[PDB]
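Presented as structure tokens, the chain that follows is alone, the form deposited in one PDB entry.
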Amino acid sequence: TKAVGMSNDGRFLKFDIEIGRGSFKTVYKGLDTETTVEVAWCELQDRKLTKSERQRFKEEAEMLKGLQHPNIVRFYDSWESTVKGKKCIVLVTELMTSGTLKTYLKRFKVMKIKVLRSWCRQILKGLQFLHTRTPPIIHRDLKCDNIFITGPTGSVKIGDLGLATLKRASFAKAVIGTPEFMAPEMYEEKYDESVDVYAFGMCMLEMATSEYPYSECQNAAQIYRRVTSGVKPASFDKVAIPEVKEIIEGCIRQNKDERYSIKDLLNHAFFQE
């Protein structure tokens, strides 16, 4: 029942109740004493950010805590924190006990077309909000396991904003767990909004197939070689609905200048109310 952690100002309490873990992260129940609203207390594994790097992140956190949109996970605050020999970055966000799209697909095996349409439209509204900030905010790591639902029949919210800074393409990655990948141009660290369109395409592909794209590869290097040569995931040919397949195809183009804009996707016949 007891508090097992606190922010310096006492606004946020940590409870010894584990919500889940995964990808350098453990998430606990917590409390905003200022509103009595329960929150998620996310503890991040530590790197060694140069204090060039650490200043960029505190700047980014300051930018991101000021944002509010119905399809973006609300972010409240971040700071460094110790227990024993471990230091971490704590991130406080709104609590989403219903979990992610990844978990949804596991539980319900398939996503029905009406749900896919509604939730993809919400993901697009979220991305459009980000891309129209001044200056634009690019997510850079959108995937089904960081898109959260408010309920099994609720709305979706984009999670993990701002965390992609810490994990560039130049950065060496152990071959363990599910292999990651990104839009082709991202590997060279020069890029823009369309990387989120490519990622959206891959999200929609996963929602339509209940498979992780490129499941046929065993490591990240294999996927790079295919993505940078325009070789699609095998799952693409398993998409049953032509209109869904066409949308995915128009998002996951190797050449960024050929990809759909967020505007054209929102205006697409598939997404009309």
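When you see a residue number, it is the position in the sequence shown, counting from 1. Heads up, when I say rigid core I mean the largest set of C-alphas that superpose within 1.5 Å between the two forms.
Although not depicted, the form deposited in another entry is the subject of the following passage.
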The mover among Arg117, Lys102, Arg74, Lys167 between the shown form and the other one, judged by a CA shift of 2 Å or more on the rigid core, is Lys167
query = When you overlay the rigid core, is the Cα of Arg225 off by 2 Å or more between the shown form and the other one?
reply = no
task: Establish whether a shift of 2 Å or more occurs at the C-alpha of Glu53 between the shown form and the other one, with the two forms superposed on the rigid core.
output: yes
